[PDB]
């Protein structure tokens, strides 16, 4: 992948986990991307999240690890992630693994360059989730949730 080409503004579209509580309201991973800045050794993210009904910002920096294509970041424990698929100018799919207290879960995210994506791309992401043991009932379409768009 040419990671420089993922730079810029993105929107969170679909959000999925094999630990559903983490992506429900008040879950730590119910976060909405605004941008990804590509740096030499890292990716800098800005997110929003809802806390007690109010939009709030989260800024994270993910560092390259010793494994090609993998990044790590501390947020509600220790996370690693990789990019599964992208065409740079419409969609990107991430796969992240969280560790906390020696337990783990997966998070998968579909971001778009616009506030929504078509049904074809969504469907393909759902199948990719299933390929990781993330069942359809654990995939949330954030376009029908509060994504703090007004806060962007």
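Positions refer to the first chain, counted from 1.
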{"item": "Between 62-70 and 118-126 (mean CA B-factor, as deposited), the higher", "value": "62-70"}
{"item": "B-factor third for the C-alpha atom of residue 109 within its chain", "value": "lowest"}
{"item": "Residue 132 - Cα temperature factor, lowest/middle/highest third of chain", "value": "lowest"}
{"item": "Chain-wide C-alpha B factor ranking for residue 95, given as lowest, middle or highest third", "value": "lowest"}
{"item": "Residue 40 by Cα B-factor - lowest, middle or highest third of the modelled chain", "value": "highest"}
{"item": "For residue 51, the third of its chain into which the C-alpha B factor falls", "value": "highest"}
